[PDB]
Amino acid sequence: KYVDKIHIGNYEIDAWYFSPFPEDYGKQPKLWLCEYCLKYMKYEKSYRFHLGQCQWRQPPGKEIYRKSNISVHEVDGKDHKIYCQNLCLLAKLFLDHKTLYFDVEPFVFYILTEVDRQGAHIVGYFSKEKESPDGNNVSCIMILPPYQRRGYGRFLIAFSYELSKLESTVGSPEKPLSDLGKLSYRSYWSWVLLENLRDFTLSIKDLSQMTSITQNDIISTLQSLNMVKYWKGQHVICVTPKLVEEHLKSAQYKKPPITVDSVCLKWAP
């Protein structure tokens, strides 16, 4: 009845949530997706015919980041409507709270790919409203299950703040976050803040300006690190250089990151 398994690239992936693909696409045992243009198909035969014909080998839009074989494409929902709609229906298989699939024009989509000789292979993405009334620098963020917990979510989170910095603005992901989303942002925030308190008298407003993390996300992060005191109605940073290093040395920050190299980012607001 609902779509419950997809084939994309060389992966078969079980669905986590309902996504409103048309009814007759549900009925099939599997839905088959072109990993490059994200067209969804009902049959292994139409899929293999499509694979032989389709000329795309990367996302549409502008490649705004390239370092070695990690690429980000910026895709405007108005310019590439069908691709963005396909991406949103794919995303909704793995996001409980996403509600927007068809009215994609207000959004820009940042698609993360990993490149080999065959083409640029989609790992995940984040959407962003062109005009956010609430200052959200991410709408939805999704990493395909076989790539989760492997560094790519940290990359996209970092990337979303590097855009916010180029915008001279603070930003926060739209709520609610998934369970993994919550843990991932808290861990990203903790690292960035701890490294700034090592590398540098920084105030909370100072840190917000340096990182584009909102003051509230800074404060909730420092509270979970027990690194803020409260005085006459104001949160104030309170931490020893040694306690910062204790946190940074811990086993949580020990996996080598895919880092966003701002030299390789090509973008203006």
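Start at 1 with the first residue shown and count on from there.
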Query raised in the report: Which class fits the unmodelled deposited stretch between residue 200 and residue 201: none, 1 to 3, 4 to 9, or 10 or more?
Result: 1 to 3
Requested in this report: Can you let me know which of the two, 20-28 or 7-15, has the higher average C-alpha B-factor in the entry?
Outcome: 20-28
Requested in this report: On mean C-alpha B-factor from the PDB entry, just flag whether 42-50 or 239-247 is the higher one.
Outcome: 239-247
Report task. Tell me, please, which of 63, 206, 217, 35 has the highest C-alpha B factor according to the deposited entry? Result -> 206
Report summary line: Listed options 77, 135, 146, 151: highest C-alpha B factor recorded at 135
Report task. Name the third of the chain's ranked CA B-factors that contains residue 212, choosing lowest, middle or highest. Result -> middle
Query raised in the report: residue 223's Cα B-factor: lowest, middle or highest third of the chain?
Result: middle
Query raised in the report: By its CA B factor, does residue 172 count among the lowest, middle or highest third of the modelled residues in the chain?
Result: middle
Query raised in the report: C-alpha B factor of residue 194, ranked within the chain: lowest, middle or highest third?
Result: highest
Query raised in the report: For residue 83, does the deposited CA B-factor place it in the lowest, middle or highest third of the chain?
Result: middle
